[PDB]
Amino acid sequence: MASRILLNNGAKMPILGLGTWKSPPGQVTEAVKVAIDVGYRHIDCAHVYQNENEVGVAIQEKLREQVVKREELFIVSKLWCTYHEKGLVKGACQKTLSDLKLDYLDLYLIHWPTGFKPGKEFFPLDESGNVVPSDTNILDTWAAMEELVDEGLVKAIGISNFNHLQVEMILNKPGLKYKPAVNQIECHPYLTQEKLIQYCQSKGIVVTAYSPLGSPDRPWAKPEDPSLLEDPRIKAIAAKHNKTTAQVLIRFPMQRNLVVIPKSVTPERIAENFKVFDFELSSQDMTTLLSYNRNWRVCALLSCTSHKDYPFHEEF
């Protein structure tokens, strides 16, 4: 298992990163400092997580402390849906850069294919509860992303939560200047994503798997929901390999040539989750884990199911 994957912009991306959604602002600075101390070189961020300033304090301290060089870090952030307009993308990117204390991002993603009305609210509502869309389409927002590469603000651009028709729309864009480097999608044994992964990989797009542990801290969790970390079948694979269930769930996407971004703010778990470069799941184990697919999503963007660009009506 090599530690980095080559992207279609010629840069290398670490295959294991630290997620930061739901990491409290008073804990995430320590989480990121611990992560860099124990070997993580990739941090996954987003403006909508409301904690980039605190992530940036950790990054800056470790760069100042010469624990790591900027060229060795791979920092990812994401353009939120209320900034898809051509004239707002640069300022959104620069706010993220200012918060993270960076003068460039390694990778900047369109967070969702759905544009929303600009304004202070991240989910602007009509008086009945539906998301108010933007009329800007995915192709014009992609051209604005391409401008960020040409201005030196980001080294690579990509997409997140795009279905295969939407990836194809980008690839078929008239005048396309830069292909997406990455599609970041939910992926774990209950949402195995074979068709969309195959498609992206065949096009040279690297896939990043989010919520690899099934996001047990997601806000909308219901007791009745399936639970990866408690599934006795997965616990049995882990026991056979003398690893934790989380370590099996992180190694699984790595062996599919995916990048994976488990989140923790607990120092012991941050270190445990990185200790996945020293064992191998067999092909039988991989096929067994794939067999647990049930098309179950943590993140279904349920307030946006009538948006023209809602991604999850499509079979993949």
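When you see a residue number, it is the position in the sequence shown, counting from 1.
Higher mean CA B-factor, judged across 61-69 and 250-258 from the recorded values: 61-69.
Legend: mean Cα B-factor per stretch from the PDB entry, 107-115 versus 213-221; the higher mean is in 213-221. Set against one another, the Cα B-factors of 136, 208, 96, 161 in the record reach their highest point at 136. Highest CA B-factor among the listed residues (192, 184, 202, 77): 202.
Split the chain's modelled residues into thirds by C-alpha temperature factor. Residue 40 is in the lowest one. Among the modelled residues of the chain, residue 146 sits in the lowest third by CA temperature factor in this PDB entry.
Sorting the modelled residues of the chain by their CA temperature factor places residue 49 in the lowest third. In the PDB entry, a CA B factor belonging to the middle third of its chain's modelled residues is recorded for residue 102.
Residue 267: CA B factor in the middle third of modelled residues in this chain (values from the PDB entry).
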